[PDB]
Structure formats: structure tokens, C-alpha cells
Protein chains: 2
Amino acid sequence: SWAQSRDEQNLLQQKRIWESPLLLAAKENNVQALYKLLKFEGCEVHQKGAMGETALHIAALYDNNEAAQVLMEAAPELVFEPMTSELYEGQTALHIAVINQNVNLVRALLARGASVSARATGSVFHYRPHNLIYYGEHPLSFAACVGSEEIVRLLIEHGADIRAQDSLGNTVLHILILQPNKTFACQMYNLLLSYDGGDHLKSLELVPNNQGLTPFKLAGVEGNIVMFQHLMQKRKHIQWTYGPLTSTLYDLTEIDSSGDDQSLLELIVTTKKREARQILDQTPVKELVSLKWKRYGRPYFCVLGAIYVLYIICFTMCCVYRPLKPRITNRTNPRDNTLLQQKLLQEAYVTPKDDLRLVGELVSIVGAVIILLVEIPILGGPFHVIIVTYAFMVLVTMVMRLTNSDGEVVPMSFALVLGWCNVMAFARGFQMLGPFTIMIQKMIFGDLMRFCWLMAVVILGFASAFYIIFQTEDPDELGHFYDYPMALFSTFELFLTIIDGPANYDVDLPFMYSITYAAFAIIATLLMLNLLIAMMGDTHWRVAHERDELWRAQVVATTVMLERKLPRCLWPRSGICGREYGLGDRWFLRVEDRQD
Amino acid sequence: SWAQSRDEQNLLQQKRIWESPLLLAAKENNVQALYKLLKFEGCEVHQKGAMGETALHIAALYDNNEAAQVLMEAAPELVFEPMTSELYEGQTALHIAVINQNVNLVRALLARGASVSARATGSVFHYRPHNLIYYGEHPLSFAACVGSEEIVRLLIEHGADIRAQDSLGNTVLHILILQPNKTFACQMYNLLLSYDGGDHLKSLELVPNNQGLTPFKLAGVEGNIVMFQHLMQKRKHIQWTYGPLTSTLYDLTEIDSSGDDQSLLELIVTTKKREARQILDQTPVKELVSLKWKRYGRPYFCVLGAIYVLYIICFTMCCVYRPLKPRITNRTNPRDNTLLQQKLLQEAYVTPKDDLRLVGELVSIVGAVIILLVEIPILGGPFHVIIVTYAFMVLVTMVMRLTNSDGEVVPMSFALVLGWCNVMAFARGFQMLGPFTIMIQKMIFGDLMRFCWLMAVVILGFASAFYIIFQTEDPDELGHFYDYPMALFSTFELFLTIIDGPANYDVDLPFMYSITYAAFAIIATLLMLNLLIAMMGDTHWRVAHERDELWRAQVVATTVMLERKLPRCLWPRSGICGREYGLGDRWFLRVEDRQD
Ligand SMILES: NCCOB(c1ccccc1)c1ccccc1
Ligand SMILES: NCCOB(c1ccccc1)c1ccccc1
Ligand SMILES: C[C@@H]1NC(=O)N[C@@H]1CCCCCC(=O)O
Ligand SMILES: C[C@@H]1NC(=O)N[C@@H]1CCCCCC(=O)O
Ligand SMILES: [Ca+2]
């Protein structure tokens, strides 16, 4: 394991500190023990420890400016020494002094001429979940994350480049977005901005991440509202103040779907960050998408819904009327219990009333490949993998067609439950019953699978037990379960109280039926009542707000995909462009509000 | 009764105080009445009261230093006098002065040369639930429990032994753990430690209780978090401080399963203390068992689960296919209503397809005695008394086998509902549906038995009433209940709405059926609705946290038993031992955290 390797190496490091009297005197800050170990007896001052550290590195882990200065006066070359381990590859003595905010040592290390651009590419300095913090690689990134504004400027004064990026291409601004202390990071964020070039171009706030993210755009996908609101002040214009009213004009550039995929809107939808959903409730974004859905969002959705409901109600019209035959097969040849009148007609005759059937089938088959075409190239959708697999079923039904298989029904019967139950996805948005469907959507594809095993397991015993009892009995009277699958099915219906239970009084029931079914009834009811109380965890207030906050996000989810895949002839661009206006050729939204 | 004996003796004591003018003057602190009762008229100064108390004992129950000093100047032998009753056997006048924190009297009693090692073995000083407090037996234990630090040192200054134990072998540290004022007891706990011998061995914090508990270990089983966190500071090492990070190295000695049963982990599981469950959420213990379950805990659990599900699905495979016969018995000899084709085959023939059946039966019979073997030698388990009794049933089925009883089915049919429903115990841990199973586990074995009587009682009337009505009627048409057990069963199903009710319209029903069943339906529904509202007591927030805190404890419950009964070849010891490291040969866990 990797988690224990750093546990062992930390214990292994403390051994070498205790064994080496130099590293011990540099940990314990034993000043008089350093002179007797360097001036009188010439000990190895370049003594590398278990982590590739030096005596000065240990003199810095524990703030010991006295031991650090003795090690820097008798060996000034220790200042340039980086750690040479796998976990701490590249960390210098300045990194340790900046993290500990030892301003006296950082200023005394910078007087010794320490490197202000030493990358710390150790495996413990990575942006991984197993690492508690992530400050970056440069000594300037460390000063900015610890909030030590004195060291931030003290490092800039010695030639610190704010443009510097780490192995992930993150500037000193991208890292500040990924910090807990957000209220203090905005102050530090402005401190780093005051050292920019000053010109309007090649600014630091525009350097893109290696995954295509500016510091403004990274704050949106990550869900940093304190940095989102702070970075929004730099890109919004206040038109006028008229008493309480103040019509502010937001920039709207990286916020709208201007680029093919660099847009911030396209990032909030497709991200795994649960917290990023709260960005769209900010005032530059909420009234934007509010205007995107009321008009040109909801109508085109319903058209796609009315077409779909019309398409499915015509596809089902082709099912209720299918070929027919009074069973060309001879008699009940297999078993006497056979109720079959096989409906197989291979000939394309019956020309009167069958010509209309080909129209619906052609519509159903071109309307299905169209669904494949638009989907040839989960947050708020699930239901529409079902439509894609449905059109696969009508194609398999088409393969089952013109071959006249016995199972012409099975993919067809599959097809229309999916197609109608898919209409339920249109209830999203529309009205309040959308939040009801997504509670279902969360429950169907979420805990139904994991909960059914528990029921299947409890059903397993009682269902199989019943089969043992009635295997003796003649199934003519009370043949509720005569086969093993029939034993599990009749008990499955009995677990949901959709069957009256084995109730035969003309005969006498076996001894173990009344004992098992009494236990089964009581167990099956206690399973359902504790299940309802288990649903009360999603009942207090936040969950009613959580099912509503992700529904309104599920609507914005469906809204932006339409715009990307609908033609731009319809659906004009949001805002009023900055050309033919005293603006900078941007698009910009007018938003007026009132205060108290 | 014993509770009234101390009520009578307290009233009996006040009688002797009022009757005896000395004890009255020592209660009322009547100074001038003591001189006229001792110096002028020689009264019995050794006058024993109803509780074996002296005049000085009464002069101390009510802080009366004036009356105490007159009784100690005219009779200094009263200082050594203990109480000679059954309730207060051994209590001296110093105990009363220490409890009342009369520092002036304790210092004046210690000047008189009072005993600082007088055991108070009275029945009221016992650690029993009927006694409100429990401070111990020694006068030093009393000073430490009342927090009077002045008297604690004032008693030590006169030769008080901190090592002293009471009749339960509890030191002055073990008693401080069992106190309400925890925030003030830690200060007193350190005060008692500063008087130790100073050497690292034979310390007071290591003296074991008479039930094998050190003061550190007693705080865990009792659930004293304030003393657990306080006693943990003495056994955790801080490796380094790197800005926000601080990797502390906990001792991990009495916390891990080092001993056969002296471990603290093995005590939190098997204890009745409901509050001790919160110890495992403390930082030296929570991340410990978190690493014990994710690896080497959960996989071995599922292997035991996959084997069990495979073992049971093979045992049930032996049931669905059993011996067969088209009923060697003649006809429906007893009653015409008989649907029997008895399946009894005594011969071990049918060699083709029966040889495989013996393999499953042999597996099912060796897999059952194996279950007995591992269990030949309740918190978080219940479900697995069921597995033990199941393997008893397959043995009784084996006894029923090779004897060819009519009831070859009954223990077999019993066996497989238990065996499958036992799989539900594997849902513990695994995922979130574990908390659902334990809510069932609490409900099945908790209130189901006590609630059923109420239903059986309400069923009793309506079920028996129905039998009276339909005893007249010919049971051929609407014979829902023709027998007395059949009367209770059809009504039992009717109480859970698993039967359509006596619905026959070709005939005319008796007068009292429609009147009773209408009352039965309304009563049966009001029974179920008030039952669902009765489940809302376990719905507000703490219960959802309580069903979750004991589930996560139910997982740790199952985890430690595996380690004790699984071979040590697999499952390495937690931590990294202190040999080949600058440590004290302990094992120790590295735990790094971040602050704000
Ligand atoms: N492309 C798969 C369909 O999923 B739907 C969807 C896609 C992305 C985000 C949210 C929902 C959908 C798309 C258009 C109209 C209605 C629903
Ligand atoms: N020994 C009786 C079985 O009870 B189980 C159990 C025992 C102690 C604590 C918690 C649960 C159990 C043991 C091992 C695996 C699965 C469950
Ligand atoms: C062991 C290393 N040697 C040292 O002198 N400091 C390091 C320890 C503290 C740095 C930990 C950084 C982290 O955990 O992210
Ligand atoms: C009655 C006894 N006689 C006395 O002088 N004090 C006792 C009464 C108070 C002690 C009660 C201790 C307890 O209840 O635990
Ligand atoms: Ca019915």
C-alpha cells in the first residue's frame, strides 16, 4: 500500500534523527551541541536524513532559527539544498520556513540568496485525495495559501514570478480557489493581482489551466461562491443609481455559451462537483437562465414532447393492430393447458386496411433511426438512455419482423412500456410534478437495485419453503405454486399483497402452510413499514430543498443541450451585443434590482 | 424491603437525637448546653446513637465546629470513633468533615491525630444503583470526589496513600472516572498524580481494577470521554508540525487487541453500557478501526457471505429435488379432502441422478456441523443464533432422514427460511441498507412480541365471534372458517387484508356477519394507522443518527470477532512496531490532521 509507505518513512525518519547527533541537535535546537559537532569534531555537515533532508531542513521543520543560523554560518551551502526523496522531491529549506510563516527565517534565508523558484514535485505535494492539503510547488504559492501577506510581498521583492504554474498548470490564482479559508483568500487574491504587468493584455486572471480553465472559470466548476462573487465585481458595469433601483450591466462573456465548450454554463452541467450547482443561483447567472427557459426553452421542449407523445401513441397504434391467424398449428400439441391463437402473417397482402399500417410502421422505423441519429454521438437525464434502447428494440422487432419468429412479441412488448414511461421525463420542468419524477428517478436507479436483494433474499426462503409443502399436494386444487419459478412468482405477488393467499376451504391445507404463511405475512409487513420509515430520512427540510435545487438544475441541464443541438436560426443569443453601442463588443445583460 | 429499612432508620435516628439532650445539643450546636451536660453533670459522652454514631459524628453532620471542639476538648477519644451500624459501618468523624468540606474541622481533626485510612464499609457507601453517589471508602477518595483540592493536599500532607483501593479494588483514580463533574475531575485527577513515586514503573495509572481494568481502560468501557481524551494526552506522540498539518503518533497499546481479552476494543463491544459506543469515535480509535474494516475486514466478510449464500443455495437445491412416490397409501382414507402423494423413498437406489444429491447433502451436513464447531464455544449480531438453530434443524432433518417419518418436511421446511433470511445479516456494513436491516433487527426481536399480544387479543374476539355465526351455516358455500383454528386463521389473514372477506352473493349471509366484519374492518384499520404514527417516535433526527451510530458499531462489532477467530497468518497487526525504530517497542499509529 501507498498510505503505509509514508507512515513507515515518517517513523524511519525519526530514527535517523535520533541516531545522528547532528540531526538530533538540529531537531532539539541544541546550539552548543552544534558547535561541538561542527567546529571541534568535523562531522558530516551534508548529512542526508531518511527523507533526503539536510540538517537545515530539520532546523526548519521545527522553527529553530538559532540552529538554522549555526548551520547556515558554518555551511551556507545548505540553503540551496533540496530534499532528495520520492515523497519530498524538490522541497528546499525556504519552503519549510514559508509554510511555518517564520518571517525572520524567510528574510534571513532570502538574505543568504535562496531560490524563489524551487519546484517541490514530491508525491506528498500532489493534488490527490490522500493528501490533506494542496498548496502547489513554488514558494510563492505557499506564502499565498497560508495567508502570510508579509511573506507574499517579501518573496515578490526578491523576484517572485506570479505567472509561475505547477505540474498541473495552475497559477498562484488557481490554487487560491481551492482553499478552505475563502473569506481570507479574496484579500490574498487581490494582493497577488497588484504585482501584475499593468497592461490590459496578458493578465494573470486570463491564464488558462491545463484543462482549459481561467481562475474565474475554475471558481464556477469548483463551487467557490466567495471567489465567484469576488471575481464578478471585476466584470460587471453599474449603469445608474435611481434611489433604490440600480440597473447593473453584467459582462456575460465566459458565462454564456460563446465557445464550443469553454463556456462556464457547459461546465456546471457536466461536472461531478455536487457543490457547483449553487453557482447558477448567483445574480449574473440566475436571471440569465431564467430568461433562457421561460421563452425558447420550455416551448421547444413541449414540441419535442408533443411530437414524442404523438410518435409513441402512433407506435402503440401499430401494436394494438397486428397480423392475425386462428392458429395454423394443429392442436394444443405440447400440453393440454395451451391458450394460443398464433398471429403470424408473412404475406404483405390484406391490401385494404394494411396500407395504413405500413405508414405507422415506416414512421415508427424512421422515427427510431432518427432517435439513433441524434444520439449516435447522469446529472439530469437518465430516462433517455431508455429511449435509445427502445429504438434498438423496434429495430430488433424489425429484425424479428420479416423473419416471423415465435417471439415477435417480446421486443415489441418491451418497446412500448419504455416509450410511454419515457414521457415521464417531460414532467421535468413543466410544473412542480417534475420534482416528484426526479425523486422517483433518484429512487428507481439508486436504491431499488440495492434494496431488492434484501427482499429477494427474504422471498427466497419463504417462496422455496412453500414449494416443498405443495409439492405433495395435487396442484389441481390450490395450485398457487406447482413449479419452482411458479413458487417464486406466487410468493412475489404475495409479498406485495396482490394475491388473496392460498385460500381453499373445500380441501384441507398441509400442516406447514398456515405456519409459514403466518410468518411470511408478518415478516412481509414489517419489511414494508420499516421501509416507509426509512424514507423519512429524506423528509426534514433540506431534502425537500435538495430535491428542488437539483430539479431546477435538471431543467437548466436540459436547457443548454437543446441550444447546442438546436439550429441558431431560432433561439437568439442572450443579451444585446456591444456593437452599435458604447461598449467593448461584448454581449452583456441588463439586471436591475432593489435594496432596502 | 431494603429501601424502607434506611427510611425507618433515618427517622429512628432523629428520635434518639431529640431524646438524648447531648445529641440534641450536638445537632443544634448548643454550646452552653454541652458544658452543662459534660462539665457539671457527667453525662455519657460516649453516647451511641441509633446509627452507631457519636456526639462528634452528629457535631460533624451539621457543620458545627464549636460543638465539635467542645466534644473534642472534653473527650478527644471521639475523634477515633467509627460508626458501628450496618448502613455506616466504619465511617469516622473525618469522613463527615471531608464530605462537608469543613476545612477548618478537617485541619482541626488532623491536628487531633485522626485516621487518614479509615475504611467506610457501610452498606450505604456501596456502588449500588439504590445509592445515589459512590465516592469510595477512604477519606482521600472523598476529598477527591468533592473537588476540595485544599483537603486533598491537606490529607496527603498527613500521610495519605494514593495507592489505596476499596472493597472493589478501585484506586482514587478509578473512582474519579465514575463522577458527573467530568470537567472538574480532570483537574483533580492530575492533582492526585503529582503525589506518585516519580519512577516510570509501579505508577498509579497502571494499577488494574479487580475486574482487570486500569484507570485509562475503565474510562473507555464506562464512556467517560472527558477522561478518555484527558488520559490520551499522556500516550500520544507529536511527530512534527508543518503549518496546518500535525502528524501525531498515538501510542496504541491498551487500545489494540494485544492481549487475549484485556484489550479495550474487546470491551466496548461486549459491554452493556450504551454510552461506551462513543469511545470508538475518538481520534486514536476511529481511524484505527476505519483501516481495520476497509481492508481485511470487509473482503473476508463477503467471502464468508459468498460461501454462505453458495452453501444455502446448494442446501435449498437439495430440497427442491427430494425422494418421490405417487402415494403408496391406498386412497384418501381419512377424509375425502386429501391432496397427498407421499414422497418417501427409503432405498438408497436410483443410482443415476441420486449420486449428485448425496454430494449436496454431505456438503450440507458437514457445512452444518462446521457451523456447530465454530459456534460450540445481542449488541450487533442477533441473526446468527438463527444459523446455529438452523444447523440443529438439518441435523433433526438428518435424524428425520433414515427414519422416514411423516414429518420429514417440517424441520427441513423450517431450515431454509432461516438459512436465507440469515443472509440479511450480511447487509450489515456493506452499504447503507445495513442501517435498514438493524432497524428491522431492533423491531423484530424488540417490540414485535409485545405488540402481537395486543393484536392477538383484538383478533381473539372477532375471530371467535365469526366461528359462532358460521357454525350454523353449511361450510360448503362460504366456509371461510369451519374449524376453530380455521376461524382464527381466516380472521388473521383478514386482519392484514390478505383475504377478500367472506364474499358470497349466491347465498344469503347471516345477520351478524355484516355487523361484525364492518366493526372488524374499521377496528383493524385504526390499529394499523395508529401503529404507523407510533413509528414516528423514531423519525426525528437523533433516532436516524442512533440507528446509524449503532450500525457503524454493529460493523466494528463483527470486525473484531473475525480477527480473534481468524488465523494471524492473514490480517497483519495494526500499526508499525517500535522495533528497528527509535521507539519503545510498541506499535503506534501515525495520524495526521489539519486545523483551521
Ligand atoms: N440526449 C439524451 C436525452 O437526454 B436529455 C438530457 C440531456 C442532457 C441534460 C439533461 C437532459 C434530454 C435532451 C433533450 C430533451 C429532453 C431530454
Ligand atoms: N458467532 C455468531 C455470529 O454472529 B456474528 C457477530 C458476532 C459478534 C459480533 C457481531 C456479530 C457474526 C460473526 C462473524 C461473521 C458474521 C456475523
Ligand atoms: C517528513 C518531511 N521531512 C521534513 O523535514 N518535513 C517533511 C514532513 C512535513 C511535510 C508534510 C507535507 C504534507 O504532508 O503534505
Ligand atoms: C445517618 C448517618 N448518620 C450521620 O451522622 N450521617 C449519616 C447520614 C448522611 C450519610 C448518608 C450517606 C449516603 O446516603 O450515601
Ligand atoms: Ca381476491
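Residues numbered from 1 in each chain as written, not as in the entry; some residues may be left out. Chains lettered and ligands numbered in written order. Part of a larger assembly, values for the part shown. Heavy atoms only, no water. Residues with missing side-chain atoms left out of burial classes, pairs and counts.

Structure determination for the deposited model, as stated in its record, used X-ray crystallography, and the stated resolution is 3.497 Å.

Chemist: Got a minute to help me understand the domain arrangement of chain A in this structure?
Modeler: Interfaces are often described in size by the accessible area the parts lose on coming together. All names here are of chain A. Here the domain parsing of chain A yields domain 1 (1-282 + 574-596) and domain 2 (283-573). Using C-alpha coordinates to define each centre, domain 1 is positioned 52 Å away from domain 2. Counting from both sides, the interface comprises 26 residues of domain 1 and, opposite them, 17 residues of domain 2. Across the domain 1 to domain 2 interface the summed buried area is about 2200 Å²; carbon plus sulfur atoms make up 61%. Of all residues in domain 1, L265, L280 and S574 bury the most surface against domain 2, accounting for 26% of the area lost on that side. Where domain 1 touches domain 2, the interface holds three salt bridges. Salt-bridge contacts for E546 lead to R274; the nearest nitrogen and oxygen are separated by 3.9 Å. The interface formed by domain 1 and domain 2 includes nine residue pairs in polar contact. Tallying contributions element by element places helix α14 (residues 265-270) first for the side of domain 1 that touches domain 2, with three residues. In terms of residue class, the side of domain 1 that touches domain 2 is made up of twelve nonpolar, seven polar and seven charged. (Domains from an automatic or database assignment. Contact = heavy atoms within 4.5 Å. Buried area = accessible area lost by both parts, 1.4 Å probe. Salt bridge = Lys/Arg side-chain N within 4 Å of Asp/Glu carboxyl O. Polar contact = N/O pair within 3.5 Å; in protein donor to acceptor, adjacent residues only side chain to side chain. Helix = DSSP H or I, 4+ residues; strand = E, 2+ residues; numbered from the N terminus. Nonpolar A, V, L, I, M, F, W, Y, C, P; charged D, E, K, R; others polar.)

Chemist: Looking at this structure, I do not really get the coordination of the calcium ion (ligand 5). What am I missing?
Modeler: In an ideal octahedron of six donors the angles at the metal are 90 or 180 degrees, and in an ideal tetrahedron of four donors they are 109.5 degrees. Distances from the calcium ion (ligand 5) to its protein donors, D500 of chain A (OD), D500 of chain A (OD), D500 of chain B (OD) and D500 of chain B (OD), fall at 2.3 Å. One end of the pair, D500 of chain A, is in the loop between α22 (484-495) and α23 (513-534); the other, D500 of chain B, is in the loop between α22 (484-495) and α23 (513-534), on a second chain. Residue classification places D500 of chain A among the partly exposed residues on the basis of a relative accessible area of 36%. On the basis of relative accessible area, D500 of chain B is assigned to the exposed category, the value being 54%. (Donors = N, O, S within 2.8 Å, 3.2 Å for Na, K, Ca; no water. Buried < 20%, exposed > 50% of the residue type's maximum accessible area, 1.4 Å probe, protein only.)

Chemist: Can you help me understand the relation of the copies chain A and chain B in this one?
Modeler: The pair of chain copies shares a relation made of a rotation about an axis and a shift along it. Superposing chain A onto chain B takes a rotation of 90° plus a shift of 0.0 Å along the axis, which leaves an RMSD of 0.0 Å. Taken together, the rotation and translation describe the operation of a four-fold axis. The position closest to the rotation axis in chain A is occupied by the C-alpha of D500 of chain A, lying 4.7 Å away. Here only 8% of the interface residues in chain A have copies in chain B that are interface residues too; the copies meet through unlike faces. (Least-squares fit on C-alpha atoms.)

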